[PDB]
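Here's the structure, in structure tokens; my notes come after.
Chain naming here is simple, since letters A, B, ... match the order of the sequence lines and numbering starts at 1 in each. The figures here come from the full heavy-atom set of this structure, side chains too, leaving out hydrogens, waters and symmetry mates.
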Amino acid sequence: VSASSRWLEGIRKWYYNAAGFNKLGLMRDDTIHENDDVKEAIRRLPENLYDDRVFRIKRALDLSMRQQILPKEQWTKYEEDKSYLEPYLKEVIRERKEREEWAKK
Amino acid sequence: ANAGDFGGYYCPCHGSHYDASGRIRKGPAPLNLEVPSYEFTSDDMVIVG
Amino acid sequence: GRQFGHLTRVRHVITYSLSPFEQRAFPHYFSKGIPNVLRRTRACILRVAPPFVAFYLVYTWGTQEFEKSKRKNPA
Amino acid sequence: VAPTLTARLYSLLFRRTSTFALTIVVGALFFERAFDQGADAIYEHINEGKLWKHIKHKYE
Amino acid sequence: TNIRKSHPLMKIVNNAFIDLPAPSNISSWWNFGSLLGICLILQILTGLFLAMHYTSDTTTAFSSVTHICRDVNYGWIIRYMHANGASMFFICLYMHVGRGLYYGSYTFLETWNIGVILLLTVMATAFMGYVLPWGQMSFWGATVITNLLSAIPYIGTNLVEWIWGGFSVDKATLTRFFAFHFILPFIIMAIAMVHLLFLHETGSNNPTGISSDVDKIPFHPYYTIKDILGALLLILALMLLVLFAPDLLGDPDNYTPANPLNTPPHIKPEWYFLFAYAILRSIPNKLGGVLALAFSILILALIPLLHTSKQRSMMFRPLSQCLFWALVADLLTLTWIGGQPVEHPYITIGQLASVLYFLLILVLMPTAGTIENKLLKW
Amino acid sequence: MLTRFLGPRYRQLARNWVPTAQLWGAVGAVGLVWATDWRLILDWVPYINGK
Ligand code: HEM
Ligand code: HEM
Ligand code: FES
């Protein structure tokens, strides 16, 4: 709640800015490494998010190509960073582990 | 000959220090230098082999 | 596998492009060029440089200690 | 005794590719030797041009 | 329809370097694959011409080599392009393995392991290569190294004498190495084709580590020309060495004909092994050192199981970027050490860089990954 | 994260392949032994004492 939470939060906000994907207009979940669980979750995204996600990634690849970056104004502010993919991925993991528990019996 | 901390031998490859008896004292070498089979046939001659 | 036409699904994105025979190969080469490189350097010095100077210091010291260990004064 | 031979041989040693392999390797051991005996023994019998020469020239 | 697409031969070429979908993304660090290819044919091409003159017997070993540079027309550029090409080959090799680690390219299990096999192979190839001119360093570098296997319990002896063709680095030992150094680059090349076969299953990774299917471009004309330009640079580097500083990377000691009783004080392997040499002597044990030296390169195969981050590339991970360059710097220390005598400062600092190399890979990088995840709420 | 392979079924699976994995080691043992004419091991075998 107090100084303590803000400190961790500000340590997190610091790394975020240092990680620097926001400079390419990206979002945390856009940088997630695609594995089986991730592929399925990407698959389950509804039309809108999936479309936005592809354009974001395209904007970035395009930048990373000419090794430019976005104007400061358009970086993605921490806070404002939507974990759109998270709930889907969590459910995909939660599903797999169920098969995995079933496979032990 | 005559190199190393023991006034005997020093092998430069990985730092083997030997003494004047040919024994390993420092470095990675596992055993003492081999003593060949030999005998003295007189005061001036030595036959090794 | 591979092949264009079967990579992935994308919608609603337009891409405007221009013939190379219509544009210049080096637009503002130094004008925008140099600023960028400084920026990239700045972006990475704190992550790249520190280990290298750390080696450098250990290199020059280690060298001095070697040379100066092979002389003797009293004793 | 005859049908049951090939049979037992299949039963105890042939199904499981394990034993099937265990036997051929073990069977290769005994065979390699027994073949080299007979084979050399054959090479000798048709010859005798060297070796019994030894009994003569040395023995000291 | 189009011949390039359907002819049983061109299909290959076409799907390998013409129509192949490639990231719009890949940067200069991606040029090393083609440069490694160029280094390979170059070593094969000059290497061949060198074999049309070099003779493989101790009596003329050194002599033939000299014959090459003085009498054989242009045998000198050929000889030097060869020698320097070997170094260029190692520079690109190390750069290539560098790019892979930084960018997470190793997530391609098979492609990468074939690369480890490519590494040991080009390494084993070059160790034998340098024994050929039968110089002091050749014989001696050949002696130091071969013997290493003599630590393997119950069998090191028998084995070392077996690959020696005697009780020492003799005549048997030179012709042998010529033969293998001739056949290894052909096998390298076939194994490199399987490298590409497997790589082509996924396409290239890229600087962001994010999938690029959404923005793929044809290999020609983009990466044919970006590959052309970068080869010209490799020609610059290569030619700068042979035409200006031909011996810079070479020991002067190998210019003195071998002598089995001599034994130089100086005694080091070629520059491209110094880091591994350092790691080896930093251990006061016969078995230890060798085991550790092996573990030093075979650890490239442990890397994928040590991947811990939720992101593939290191581009967006600074704790890891720092650790990475520490790893580079620590190898540079290892190179430096291995080139120095086993005395004073050098011993203990050499033993520090060693533990570090292993701590950095086996523990520090994996941990930094877990922390960077934690910092992102992942 | 090898916990995925830890449970009753997996334990039954391991027991089922034990005789096979054992026999496959018997094959590799004799296999090396015979192929290198293992002086140490072979001396014990009756009839394979060619010395
Ligand atoms: C015989 C030397 C080698 C040759 C000729 C060779 C050839 C190539 C070529 C032509 C590429 C195309 C894309 C690129 O360069 O990025 C490539 C990529 C790759 N190589 Fe190698 N390689 C060699 C050694 C290695 C080594 C030593 C490793 C690592 C142990 C390695 C693992 C990889 C990986 C993982 C990629 C994928 C790169 C990416 O997409 O980011 N290869 N190689
Ligand atoms: C199959 C093609 C190759 C042939 C025919 C070949 C043949 C030769 C011959 C005859 C020599 C002794 C003459 C001399 O030293 O100038 C030599 C030296 C060498 N080549 Fe190769 N080799 C080939 C591929 C390679 C490869 C793949 C490498 C690894 C990059 C390599 C690196 C070396 C090295 C390190 C030496 C000894 C150093 C020196 O040049 O003095 N060559 N080679
Ligand atoms: S060979 Fe003598 S110390 Fe290594």
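E:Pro218 is listed as a side-chain neighbour of C:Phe4, based on a closest heavy-atom distance under 4.5 Å. Within the 4.5 Å cutoff, the side chain of E:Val328 has no heavy atoms near those of the C:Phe55 side chain.
Proximity to chain C (any heavy atom under 4.5 Å) is shown, for E:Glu201, by both the backbone and the side chain. Heavy atoms of C:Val58 lying under 4.5 Å from chain E belong to its backbone as well as its side chain. Heavy atoms of E:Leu197 lying under 4.5 Å from chain C are absent altogether. Using a 4.5 Å cut-off between heavy atoms, C:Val48 touches chain E through backbone and side chain atoms alike. In this structure, chain E has heavy atoms under 4.5 Å from both the backbone and the side chain of C:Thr63.
Separation of atoms OH (C:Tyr59) and CG (E:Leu332) is listed at 11.0 Å; rounding is to 0.5 Å. A distance of 12.5 Å separates CZ in C:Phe66 from CD1 in E:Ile349, rounded to the nearest 0.5 Å. Atom CD of C:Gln3 sits about 7.0 Å away from atom CG of E:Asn15, to the nearest 0.5 Å.
Of all the listed residues (C:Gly62, C:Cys44, C:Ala54), the one sharing the greatest number of non-hydrogen pairs under 4.5 Å with chain E is C:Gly62. Interface summary for chain C: among E:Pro345, E:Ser211, E:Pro318, the most heavy-atom pairs under 4.5 angstrom belong to E:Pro345. Between chain E and the options C:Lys70, C:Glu65, C:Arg47, heavy-atom pairs under 4.5 Å are most frequent for C:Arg47. Among E:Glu343, E:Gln340, E:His200, the residue making the largest number of heavy-atom pairs under 4.5 Å with chain C is E:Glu343.
C:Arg2 has a carboxylate O that lies under 4.0 Å from a charged side-chain N of E:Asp213, or vice versa, which qualifies the two as a salt bridge.
The environment of CD1 in E:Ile12 is sparse: at most 12 heavy-atom neighbours from other residues, nucleotides or ligands sit within 6.0 Å. For E:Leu362, the CG atom is densely surrounded, since the number of other residues' heavy atoms within 6.0 Å is greater than 12. The number of heavy atoms from other shown groups lying within 6.0 Å of NZ (E:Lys374) does not exceed 12. In this structure, C:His12 places its NE2 atom where more than 12 heavy-atom neighbours from other residues, nucleotides or ligands lie under 6.0 Å away. Heavy-atom neighbours of C:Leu18 CG from other residues, nucleotides or ligands within 6.0 Å: above the threshold of 12. Atom CZ of C:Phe52 has more than 12 neighbouring heavy atoms from other residues, nucleotides or ligands inside a 6.0 Å radius.
The two residues C:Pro51 and E:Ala329 have their closest heavy-atom pair at O-CB, 3.5 Å. Taking both residues in full, the closest heavy atoms of E:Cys322 and C:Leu46 are given as SG-O, 4.3 Å, listed atom of the first, atom of the second, then distance.
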